[PDB]
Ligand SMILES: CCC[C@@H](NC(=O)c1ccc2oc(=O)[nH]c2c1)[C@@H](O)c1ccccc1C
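Shown next as structure tokens: one chain only, the form solved without this ligand.
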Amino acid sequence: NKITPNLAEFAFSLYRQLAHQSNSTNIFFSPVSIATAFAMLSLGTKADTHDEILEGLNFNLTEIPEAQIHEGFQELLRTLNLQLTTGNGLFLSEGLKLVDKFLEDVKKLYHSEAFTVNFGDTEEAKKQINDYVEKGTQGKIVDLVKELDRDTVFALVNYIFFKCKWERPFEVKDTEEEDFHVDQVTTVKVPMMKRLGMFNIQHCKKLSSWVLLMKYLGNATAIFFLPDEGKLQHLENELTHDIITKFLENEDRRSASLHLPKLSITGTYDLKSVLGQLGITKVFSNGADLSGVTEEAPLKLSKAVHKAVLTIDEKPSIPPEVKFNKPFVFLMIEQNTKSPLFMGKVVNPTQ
């Protein structure tokens, strides 16, 4: 896909930014869902506001036409509907003369929903937004938005929930509690899945990590990066889209004793500050050019929140014993487009 190299580097730049909030916190987000949410938002923006959004998503505006950018997200969204739940909620103040052109493209191209709410009642508007998140995933995510500004007129919520089955399941009788070294001294107890068999697992000398690829029931592939002792940040700095491609084409099977933790992690992020570090600020300020959304009315994106939820469960010489019992990076790749559906780091499964 013409945007997959751009999405992959946006994913890594976003991950590197979140990893600079230090080590001991579980990172998990969907680069596809965030990039799709703001590419869709760009349809209502113009001038510098429009350019910052696409530049912040790692699109060189002097090298790729915007029609290809929105076409790139067109096919990527055409693929996603796998056991994946995703949606975008645009919440605008009641009494705003919305531009019908933007509302049609939001549903037609990105399958996103726009709502009218009374932000003059901050507590109730927050409840209305969280109910859409709660109902949209059938209770999976509750009370997403925790605060709202007093001057809010426009809020964007992007959610994604993933709990899918492996193609090759683990046997539940094997799952047992093991040690998870969060660092060299702390340790914690975690339910660990285990299986002996042939895996697409290899040890990479460049990354200094074990790399495991496992295929999903659907168009998804999970890549697990288990770093060597003291090589976690080395893993984070040497990750490129090219290395992901070299692993997805490699088809070397090999036997191992895999210990993979059963875990359920969630990620919550305020995109206003996180995407501000990538240069997307004008849309969050009073000078925003949102004339594509409402024509004769000033508008700005007061609140933008992302929430991603994951659930991992079961569903001839001496083989190596590869145990994911210490902090490790992982990456979910959409099989068709080779785009990163999810990326994150697991420092503590219990959290």
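Start at 1 and count along the sequence shown; that's the residue number.
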{"query": "Size class of the missing deposited segment between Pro316 and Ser317", "finding": "1 to 3"}
{"query": "82-90 versus 197-205 - which carries the larger mean C-alpha B factor in the record", "finding": "82-90"}
{"query": "Higher-B stretch (mean Cα B-factor, as the entry records it), 22-30 or 299-307", "finding": "22-30"}
{"query": "Selection by C-alpha B-factor (highest) of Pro320, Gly292, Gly56, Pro65", "finding": "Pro65"}
{"query": "Residue selected from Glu124, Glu147, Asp270, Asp179 by maximal Cα B factor", "finding": "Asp179"}
{"query": "Cα B factor band for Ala222 (lowest, middle or highest third within the chain)", "finding": "lowest"}
{"query": "Chain-wide C-alpha B factor ranking for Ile3, given as lowest, middle or highest third", "finding": "highest"}
{"query": "CA B-factor placement of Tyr216, once the chain's modelled residues are sorted into thirds", "finding": "lowest"}
{"query": "Modelled-residue ranking by C-alpha temperature factor, third containing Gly230", "finding": "highest"}
{"query": "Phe161 - Cα temperature factor, lowest/middle/highest third of chain", "finding": "middle"}
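Below, we turn to the form solved in complex with this ligand, even though it does not appear here.
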property	result
Accessibility of shown form to this ligand in the bound PDB entry, site-C-alpha superposition, 2.4 Å backbone/C-beta rule	blocked
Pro261: touches this ligand in the bound PDB entry, heavy atom cutoff 4.5 angstroms	yes
Partner contact for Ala256 in the bound PDB entry: this ligand, 4.5 angstroms, heavy atom	no
This ligand contact at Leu310 in the bound PDB entry, heavy atom, 4.5 Å	yes
Heavy atom of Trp166 within 4.5 Å of this ligand in the bound PDB entry	yes
Option from 244-252, 213-221, 150-158, 271-279 whose residues, in the bound PDB entry, bring a heavy atom within 4.5 Å of this ligand	213-221
Interface residue in the bound PDB entry among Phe324, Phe38, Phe284, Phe29, criterion: non-hydrogen atom within 4.5 angstroms of this ligand	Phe324
Listed residue that, although this ligand is not shown, lies within 4.5 Å of it in the bound PDB entry (heavy atoms), from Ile141, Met193, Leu76, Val190	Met193
Heavy atom contacts to this ligand in the bound PDB entry at 4.5 Å, residues of 328-343 in sequence order	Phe328, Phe330, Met332
